[PDB]
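Everything on this sheet refers to the single structure shown next.
Atom set for the values below is all heavy atoms of this structure, side chains included, hydrogens, waters and symmetry mates excluded. Quick note: residue numbers are just sequence positions, from 1.
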Amino acid sequence: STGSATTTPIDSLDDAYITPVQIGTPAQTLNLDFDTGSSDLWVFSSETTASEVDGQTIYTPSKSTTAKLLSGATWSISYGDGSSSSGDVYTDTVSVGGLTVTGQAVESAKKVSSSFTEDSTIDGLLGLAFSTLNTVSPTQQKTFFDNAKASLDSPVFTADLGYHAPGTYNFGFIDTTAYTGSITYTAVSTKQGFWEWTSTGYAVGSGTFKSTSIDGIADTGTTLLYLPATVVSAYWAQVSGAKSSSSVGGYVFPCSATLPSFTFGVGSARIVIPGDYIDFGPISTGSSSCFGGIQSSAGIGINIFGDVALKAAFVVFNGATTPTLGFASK
């Protein structure tokens, strides 16, 4: 089997991407944030505290003839940005782009933190990291991809995120019309539960490539590109007036600037992020100070190849017995 679904930016800055997902019988369609950095499929629901729902579409398990309460199971998750959610668990039928899993754990939120409430466009998350990170207790549950893998034509999914435009998540096949050149595959460590790999270095604009190993994670659920402070300083030094602002929380730059590109290495191959992809717009409405899309990972503990990086590539998440990642230009 295969599936194919369009993923769409939630706003004009590509702050996140949403993908429609059918849950239950009859189908209830929710727009979920596909997140290769976590492993829980959770939704706003009829059980979510009413004051914490503000415009999201909710899953109502009592209206699904295939929903079954997973007795005794709870979940609770905290994300790197400080947001969180928790609740109980149903199993139900879940379809993405024509690909159907029966018995998928659907984690129904009883509580969500304020940033989720405040984002009316995201109805939940669909985790695509490794199932070892799933938070369901006392019986850990599998991701959608893990449940579908055996049925897929090939045990892979691909992310093709657009810049200020829709893109595509495919399951079970590699669309050879969606990229240029070849796909370069690189080793993955699953020891932390992430799609963790080592970039071979970087360049800033037309500058010379620096060969240096950068361990990090391919994370569709993180908006920006978080890299070591040395790398980030070298980038922003090429932008007149750019500075790190402790009060704003990262590098900012004059909105009048034209940003240089940023290149990262995948083995001997190179992925070029155009300068425009690194502009996240005014820090507050009407400001002439703009927020940068490349930020330091120094306070995270891990480097994160988020959407800023991934949207410049066609990315293969290869879930073969030994997982790997593939990157192509597009």
Side-chain angles (χ1 to χ4, degrees), residues 34-39 77-82 127-134 143 145-146 156-159 161 182-190 192-205 207-237 244 249-251 261-273 277-278 292-329:
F34 281 26
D35 181 13
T36 64
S38 71
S39 308
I77 192 163
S78 308
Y79 297 102
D81 64 349
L128 294 166
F130 293 89
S131 293
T132 53
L133 294 179
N134 176 265
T143 70
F145 177 54
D146 211 342
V156 306
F157 69 89
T158 65
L161 303 179
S182 61
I183 305 175
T184 296
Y185 289 87
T186 198
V188 163
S189 173
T190 66
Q192 292 189 86
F194 300 121
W195 292 93
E196 188 175 356
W197 65 289
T198 303
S199 172
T200 48
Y202 69 98
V204 175
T208 57
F209 187 82
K210 175 74 166 178
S211 294
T212 184
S213 294
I214 305 173
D215 182 288
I217 65 169
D219 185 1
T220 59
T222 290
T223 312
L224 307 184
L225 174 52
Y226 294 90
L227 293 172
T230 50
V231 179
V232 176
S233 182
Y235 178 82
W236 289 109
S244 181
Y251 279 88
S261 65
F262 185 89
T263 299
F264 63 94
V266 183
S268 55
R270 306 288 180 253
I271 299 296
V272 180
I273 305 171
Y277 291 25
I278 299 164
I294 296 180
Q295 296 293 347
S296 177
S297 65
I300 298 177
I302 200 159
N303 300 305
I304 307 173
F305 294 87
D307 297 334
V308 163
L310 302 182
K311 76 178 66 178
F314 177 89
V315 189
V316 181
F317 293 81
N318 169 28
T321 303
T322 299
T324 65
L325 279 164
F327 293 81
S329 296

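Within the 3.5 Å criterion, the main-chain N or O of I304 finds no donor-acceptor partner in the side chain of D219. Without hydrogens or angle criteria, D215 side chain to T198 main chain gives no donor-acceptor distance under 3.5 Å. For the pair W195 (side chain) and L128 (backbone), a donor-acceptor distance under 3.5 Å is present. Using a distance-only test at 3.5 Å, with no hydrogens or angles considered, a donor-acceptor pair links the side chain of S39 to the main chain of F130. A side-chain donor-acceptor contact under 3.5 Å links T36 to the backbone of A218. With hydrogens and angles disregarded, no donor-acceptor distance shorter than 3.5 Å links the side chain of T263 to the backbone of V272. Listed for the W236 side chain is a donor-acceptor partner under 3.5 Å among the backbone atoms of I294. In terms of modelled atom types and a separation under 3.5 Å, the side chain of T143 and the main chain of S131 share no donor-acceptor contact.
Counting heavy atoms from C-beta on, the side chains of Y235 and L227 never come closer than 4.5 Å. Using a 4.5 Å cut-off on side-chain heavy atoms (C-beta onward), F305 and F264 make contact. A heavy-atom distance below 4.5 Å is found between the side chains of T200 and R270.
The shortest heavy-atom contact between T322 and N318 is O-ND2, 4.2 Å. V188 and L325 make their closest contact through CG2-N, 3.5 Å (heavy atoms, listed as atom of the first residue, atom of the second, distance). Here the closest non-hydrogen pair linking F317 and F145 is O-CZ, 4.4 Å. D307 and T220 get closest at one heavy-atom pair: OD1-O, 2.6 Å. Contact between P228 and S297 at its shortest, heavy atoms only, is N-OG, 3.7 Å. Across all their heavy atoms, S244 and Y251 have their closest contact at N-CD2, 3.7 Å.
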Open item on the list: Between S199 and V266, does the side chain to side chain contact (heavy atoms under 4.5 Å, CB included) criterion hold? Intermediate values first, please.
Closed with: CA-CA 5 Å; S199 172; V266 183; 5.9 Å; no
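The only member of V316, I183, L310 that meets side chain to side chain contact (heavy atoms under 4.5 Å, CB included) when paired with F327 is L310.
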